[PDB]
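So the structure is just underneath, and the comments pick up after that.
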Amino acid sequence: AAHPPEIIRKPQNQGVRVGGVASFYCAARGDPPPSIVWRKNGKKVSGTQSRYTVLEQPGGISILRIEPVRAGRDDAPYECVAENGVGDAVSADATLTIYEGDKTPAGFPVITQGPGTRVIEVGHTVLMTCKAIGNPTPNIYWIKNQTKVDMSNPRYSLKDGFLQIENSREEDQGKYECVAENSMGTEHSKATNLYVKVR
């Protein structure tokens, strides 16, 4: 195992509404595997700071989540850094544009309807609703517990931007949200819980 760190996914610029959620994704690889560090305006991102949380996900992914987005503070460059003790560190960065009030780019995604909390009996199927519009039309994806829902799962599909889960199992319990992603912006729905009862 002898390789220098490589960024295989760069962070992308985001536009978010104030009070919103924003996230940046980074991924890298090397031999041996790099750590990824997140920087704001060149300053490593605080363990303390309540609004930022960093999620490390297998496949080499690192995610920086900012919730709730603050209009002054959060308008900055977030850079992700990868090091493994071989060669040079590799870094990539992205900006965050924050939109006050309604002064949003035309066609910024809007979520007309959002998921509601539900209890579902084991073995039953549920539909969770996201309704969105934008131009260009938003791609819609679902998150549980801040993690992308895996649509590789046989039991999970999208109907009309709705998330359907068939043959419900306890493991499906979580806090779900829907994201509508646009060239213009990203919108996250309000998180809500899915509970599974027995019997």
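Within each chain, counting starts at residue 1; across the structure tokens, chains are named A, B, ... in the order shown, with ligands numbered 1 upward in that order.
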
- [ ] If you run DSSP over the backbone, which residues in chain A end up strand (DSSP E or B)? Put them as a PyMOL selection string.
- [x] chain A and resi 3-9+14-17+22-31+35-40+43-44+52-57+61-66+77-83+90-99+110-113+118-121+126-128+131-133+139-144+147-148+156-158+163-165+174-181+186-188+192-197

Give me the residues near residue 160 of chain A as a tab-separated table (two decimals) with N, CA and C atoms, in the first residue's frame, where near means some atom within 9 Å (using only C-alpha atoms) and where sequence neighbours in that chain fewer than 6 positions away do not count.
```tsv
chain	number	residue	atom	x	y	z
A	129	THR	N	-44.09	11.76	1.46
A	129	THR	CA	-44.30	12.74	0.44
A	129	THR	C	-43.25	13.86	0.42
A	130	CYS	N	-42.74	14.18	-0.77
A	130	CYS	CA	-41.99	15.40	-1.06
A	130	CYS	C	-42.69	15.87	-2.33
A	131	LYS	N	-43.03	17.14	-2.41
A	131	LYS	CA	-43.53	17.69	-3.64
A	131	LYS	C	-42.73	18.91	-3.93
```

Task: Residue with smallest distance to residue 186 of chain A - pool A:63, A:143, A:111, A:55, counting only C-alpha atoms - done: A:111

TODO: Quick one: everything within 12 Å of residue 165 of chain A, counting only C-alpha atoms, minus sequence neighbours fewer than 5 positions away in the same chain. Send it as an MDAnalysis selection string.
DONE: chainID A and resid 120 122:129 142 149:151 153:159 170:173 194 196

For N, CA, C and O atoms, I'd like the residues from the last selection saved as an mmCIF file, in the first residue's frame.
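Output (selection-v4.cif):
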```cif
data_model
loop_
_atom_site.group_PDB
_atom_site.id
_atom_site.type_symbol
_atom_site.label_atom_id
_atom_site.label_comp_id
_atom_site.auth_asym_id
_atom_site.auth_seq_id
_atom_site.Cartn_x
_atom_site.Cartn_y
_atom_site.Cartn_z
ATOM 1 N N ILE A 120 -46.035 3.095 11.389
ATOM 2 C CA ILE A 120 -46.482 2.056 10.521
ATOM 3 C C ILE A 120 -46.218 0.727 11.129
ATOM 4 O O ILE A 120 -45.230 0.525 11.775
ATOM 5 N N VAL A 122 -45.433 -3.236 11.341
ATOM 6 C CA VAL A 122 -44.441 -3.997 10.622
ATOM 7 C C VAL A 122 -45.100 -4.816 9.537
ATOM 8 O O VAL A 122 -46.137 -5.385 9.755
ATOM 9 N N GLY A 123 -44.468 -4.893 8.377
ATOM 10 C CA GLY A 123 -45.004 -5.603 7.231
ATOM 11 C C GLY A 123 -45.867 -4.809 6.277
ATOM 12 O O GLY A 123 -46.354 -5.321 5.316
ATOM 13 N N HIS A 124 -46.028 -3.539 6.555
ATOM 14 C CA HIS A 124 -46.877 -2.674 5.792
ATOM 15 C C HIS A 124 -46.031 -1.699 5.056
ATOM 16 O O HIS A 124 -44.887 -1.542 5.364
ATOM 17 N N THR A 125 -46.596 -1.052 4.066
ATOM 18 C CA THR A 125 -45.807 -0.160 3.265
ATOM 19 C C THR A 125 -46.191 1.272 3.511
ATOM 20 O O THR A 125 -47.305 1.556 3.858
ATOM 21 N N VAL A 126 -45.254 2.176 3.354
ATOM 22 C CA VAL A 126 -45.559 3.547 3.619
ATOM 23 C C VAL A 126 -45.176 4.397 2.484
ATOM 24 O O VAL A 126 -44.262 4.099 1.783
ATOM 25 N N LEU A 127 -45.869 5.496 2.345
ATOM 26 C CA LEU A 127 -45.520 6.478 1.374
ATOM 27 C C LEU A 127 -45.149 7.710 2.123
ATOM 28 O O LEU A 127 -45.887 8.156 2.958
ATOM 29 N N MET A 128 -44.029 8.304 1.782
ATOM 30 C CA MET A 128 -43.652 9.582 2.327
ATOM 31 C C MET A 128 -43.556 10.584 1.228
ATOM 32 O O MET A 128 -43.011 10.315 0.202
ATOM 33 N N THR A 129 -44.091 11.757 1.464
ATOM 34 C CA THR A 129 -44.299 12.745 0.438
ATOM 35 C C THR A 129 -43.252 13.857 0.417
ATOM 36 O O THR A 129 -42.883 14.361 1.442
ATOM 37 N N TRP A 142 -33.884 11.474 -0.791
ATOM 38 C CA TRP A 142 -34.303 11.341 0.581
ATOM 39 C C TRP A 142 -33.160 11.009 1.478
ATOM 40 O O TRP A 142 -32.263 10.307 1.108
ATOM 41 N N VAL A 149 -30.530 7.974 1.896
ATOM 42 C CA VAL A 149 -31.208 6.709 1.864
ATOM 43 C C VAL A 149 -30.683 5.915 0.706
ATOM 44 O O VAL A 149 -30.488 6.441 -0.351
ATOM 45 N N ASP A 150 -30.458 4.639 0.905
ATOM 46 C CA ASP A 150 -29.893 3.835 -0.156
ATOM 47 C C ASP A 150 -30.996 3.299 -1.041
ATOM 48 O O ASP A 150 -31.811 2.535 -0.608
ATOM 49 N N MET A 151 -31.016 3.708 -2.295
ATOM 50 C CA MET A 151 -32.075 3.292 -3.192
ATOM 51 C C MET A 151 -31.722 2.011 -3.917
ATOM 52 O O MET A 151 -32.456 1.551 -4.735
ATOM 53 N N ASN A 153 -31.543 -0.519 -2.101
ATOM 54 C CA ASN A 153 -32.347 -1.419 -1.319
ATOM 55 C C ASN A 153 -33.583 -1.818 -2.099
ATOM 56 O O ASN A 153 -34.251 -0.993 -2.649
ATOM 57 N N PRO A 154 -33.877 -3.100 -2.140
ATOM 58 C CA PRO A 154 -34.980 -3.620 -2.931
ATOM 59 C C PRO A 154 -36.322 -3.079 -2.495
ATOM 60 O O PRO A 154 -37.165 -2.815 -3.298
ATOM 61 N N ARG A 155 -36.475 -2.853 -1.212
ATOM 62 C CA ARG A 155 -37.721 -2.417 -0.646
ATOM 63 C C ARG A 155 -37.981 -0.917 -0.768
ATOM 64 O O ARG A 155 -38.994 -0.447 -0.365
ATOM 65 N N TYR A 156 -37.069 -0.163 -1.327
ATOM 66 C CA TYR A 156 -37.227 1.272 -1.358
ATOM 67 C C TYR A 156 -37.344 1.778 -2.778
ATOM 68 O O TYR A 156 -36.498 1.526 -3.585
ATOM 69 N N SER A 157 -38.367 2.554 -3.063
ATOM 70 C CA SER A 157 -38.459 3.223 -4.343
ATOM 71 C C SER A 157 -39.145 4.571 -4.262
ATOM 72 O O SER A 157 -39.797 4.871 -3.316
ATOM 73 N N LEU A 158 -38.980 5.371 -5.295
ATOM 74 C CA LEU A 158 -39.683 6.623 -5.415
ATOM 75 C C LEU A 158 -40.838 6.492 -6.360
ATOM 76 O O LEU A 158 -40.688 5.995 -7.441
ATOM 77 N N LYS A 159 -42.006 6.962 -5.936
ATOM 78 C CA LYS A 159 -43.185 6.964 -6.794
ATOM 79 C C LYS A 159 -43.263 8.281 -7.557
ATOM 80 O O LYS A 159 -42.735 8.403 -8.662
ATOM 81 N N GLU A 170 -38.271 -2.613 11.387
ATOM 82 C CA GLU A 170 -37.948 -1.688 12.461
ATOM 83 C C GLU A 170 -36.776 -0.811 12.055
ATOM 84 O O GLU A 170 -36.723 0.346 12.358
ATOM 85 N N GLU A 171 -35.868 -1.386 11.304
ATOM 86 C CA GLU A 171 -34.652 -0.735 10.930
ATOM 87 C C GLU A 171 -34.917 0.476 10.063
ATOM 88 O O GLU A 171 -34.060 1.285 9.846
ATOM 89 N N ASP A 172 -36.137 0.590 9.582
ATOM 90 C CA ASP A 172 -36.519 1.686 8.729
ATOM 91 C C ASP A 172 -36.821 2.907 9.532
ATOM 92 O O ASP A 172 -36.995 3.955 8.988
ATOM 93 N N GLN A 173 -36.910 2.748 10.837
ATOM 94 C CA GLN A 173 -37.257 3.855 11.680
ATOM 95 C C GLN A 173 -36.164 4.871 11.551
ATOM 96 O O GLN A 173 -35.014 4.539 11.504
ATOM 97 N N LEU A 194 -40.250 8.379 11.231
ATOM 98 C CA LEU A 194 -41.004 7.216 10.845
ATOM 99 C C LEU A 194 -40.869 6.215 11.953
ATOM 100 O O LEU A 194 -39.782 5.840 12.279
ATOM 101 N N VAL A 196 -41.930 2.416 13.646
ATOM 102 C CA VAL A 196 -42.535 1.133 13.371
ATOM 103 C C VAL A 196 -43.066 0.398 14.597
ATOM 104 O O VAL A 196 -42.333 0.012 15.475
#
```

I want to know what sits within 8 Å of segment 84-94 of chain A, based on only C-alpha atoms, with residues of the same chain fewer than 5 positions away left out; could you give that as a PDB file with N, CA and C atoms, in the first residue's frame?
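Okay, part.pdb is ready:
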```
ATOM      1  N   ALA A   2       1.014   1.881  -1.160  1.00  0.00           N
ATOM      2  CA  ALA A   2       1.786   3.105  -1.198  1.00  0.00           C
ATOM      3  C   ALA A   2       1.241   4.244  -2.035  1.00  0.00           C
ATOM      4  N   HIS A   3       0.095   4.827  -1.725  1.00  0.00           N
ATOM      5  CA  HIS A   3      -0.313   5.946  -2.581  1.00  0.00           C
ATOM      6  C   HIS A   3      -0.769   7.229  -1.911  1.00  0.00           C
ATOM      7  N   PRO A   4      -0.463   8.325  -2.570  1.00  0.00           N
ATOM      8  CA  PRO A   4      -0.807   9.676  -2.154  1.00  0.00           C
ATOM      9  C   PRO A   4      -2.290   9.973  -2.247  1.00  0.00           C
ATOM     10  N   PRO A   5      -2.795  10.866  -1.420  1.00  0.00           N
ATOM     11  CA  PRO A   5      -4.226  11.114  -1.389  1.00  0.00           C
ATOM     12  C   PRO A   5      -4.773  11.739  -2.671  1.00  0.00           C
ATOM     13  N   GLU A   6      -5.942  11.275  -3.066  1.00  0.00           N
ATOM     14  CA  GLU A   6      -6.599  11.756  -4.273  1.00  0.00           C
ATOM     15  C   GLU A   6      -8.018  12.150  -4.010  1.00  0.00           C
ATOM     16  N   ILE A   7      -8.432  13.314  -4.462  1.00  0.00           N
ATOM     17  CA  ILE A   7      -9.807  13.708  -4.271  1.00  0.00           C
ATOM     18  C   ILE A   7     -10.638  13.151  -5.414  1.00  0.00           C
ATOM     19  N   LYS A  10     -14.978  16.221  -5.444  1.00  0.00           N
ATOM     20  CA  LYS A  10     -14.933  17.587  -4.995  1.00  0.00           C
ATOM     21  C   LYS A  10     -16.253  18.099  -4.516  1.00  0.00           C
ATOM     22  N   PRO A  11     -16.187  18.997  -3.577  1.00  0.00           N
ATOM     23  CA  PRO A  11     -17.348  19.674  -3.057  1.00  0.00           C
ATOM     24  C   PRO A  11     -17.911  20.579  -4.107  1.00  0.00           C
ATOM     25  N   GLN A  12     -19.198  20.801  -4.056  1.00  0.00           N
ATOM     26  CA  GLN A  12     -19.814  21.665  -5.005  1.00  0.00           C
ATOM     27  C   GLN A  12     -20.449  22.843  -4.333  1.00  0.00           C
ATOM     28  N   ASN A  13     -20.460  23.964  -5.021  1.00  0.00           N
ATOM     29  CA  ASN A  13     -21.033  25.181  -4.508  1.00  0.00           C
ATOM     30  C   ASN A  13     -22.480  25.005  -4.221  1.00  0.00           C
ATOM     31  N   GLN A  14     -22.970  25.634  -3.180  1.00  0.00           N
ATOM     32  CA  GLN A  14     -24.357  25.505  -2.854  1.00  0.00           C
ATOM     33  C   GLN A  14     -24.981  26.842  -2.679  1.00  0.00           C
ATOM     34  N   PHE A  24     -21.871  19.791   2.123  1.00  0.00           N
ATOM     35  CA  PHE A  24     -20.829  19.654   1.150  1.00  0.00           C
ATOM     36  C   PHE A  24     -20.309  18.242   1.276  1.00  0.00           C
ATOM     37  N   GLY A  30      -6.412   6.816  -1.084  1.00  0.00           N
ATOM     38  CA  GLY A  30      -4.987   6.658  -1.199  1.00  0.00           C
ATOM     39  C   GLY A  30      -4.607   5.381  -0.513  1.00  0.00           C
ATOM     40  N   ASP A  31      -3.338   5.030  -0.609  1.00  0.00           N
ATOM     41  CA  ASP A  31      -2.741   4.040   0.270  1.00  0.00           C
ATOM     42  C   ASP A  31      -1.675   4.754   1.060  1.00  0.00           C
ATOM     43  N   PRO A  32      -1.815   4.805   2.376  1.00  0.00           N
ATOM     44  CA  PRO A  32      -3.007   4.363   3.084  1.00  0.00           C
ATOM     45  C   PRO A  32      -4.086   5.409   3.036  1.00  0.00           C
ATOM     46  N   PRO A  33      -5.274   5.061   3.491  1.00  0.00           N
ATOM     47  CA  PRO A  33      -6.439   5.925   3.364  1.00  0.00           C
ATOM     48  C   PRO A  33      -6.292   7.239   4.081  1.00  0.00           C
ATOM     49  N   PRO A  34      -6.646   8.321   3.410  1.00  0.00           N
ATOM     50  CA  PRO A  34      -6.569   9.655   3.970  1.00  0.00           C
ATOM     51  C   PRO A  34      -7.617   9.930   4.977  1.00  0.00           C
ATOM     52  N   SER A  35      -7.291  10.848   5.857  1.00  0.00           N
ATOM     53  CA  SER A  35      -8.269  11.522   6.651  1.00  0.00           C
ATOM     54  C   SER A  35      -8.716  12.709   5.846  1.00  0.00           C
ATOM     55  N   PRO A  77     -15.975  30.035   2.224  1.00  0.00           N
ATOM     56  CA  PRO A  77     -15.459  28.914   1.454  1.00  0.00           C
ATOM     57  C   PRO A  77     -15.097  27.750   2.349  1.00  0.00           C
ATOM     58  N   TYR A  78     -15.609  26.579   2.033  1.00  0.00           N
ATOM     59  CA  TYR A  78     -15.357  25.419   2.830  1.00  0.00           C
ATOM     60  C   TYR A  78     -14.481  24.515   2.050  1.00  0.00           C
ATOM     61  N   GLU A  79     -13.328  24.209   2.594  1.00  0.00           N
ATOM     62  CA  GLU A  79     -12.361  23.466   1.870  1.00  0.00           C
ATOM     63  C   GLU A  79     -12.150  22.161   2.547  1.00  0.00           C
TER      64      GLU A  79
END
```

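Counting only C-alpha atoms and comparing A:114, A:161, A:19, A:185, the residue that lies closest to residue 100 of chain A is A:19.
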
TODO: Determine, counting only C-alpha atoms, which protein, DNA and RNA residues have an atom within 9 Å of an atom of residue 61 of chain A; residues of the same chain fewer than 5 positions away are not included. Present the result as a list in words.
DONE: residues 9, 25, 26, 27, 28, 36, 55 and 56 of chain A

TODO: Would you please work out which residue, of A:82, A:146, A:121, A:139, is nearest to residue 197 of chain A when using only C-alpha atoms?
DONE: A:121
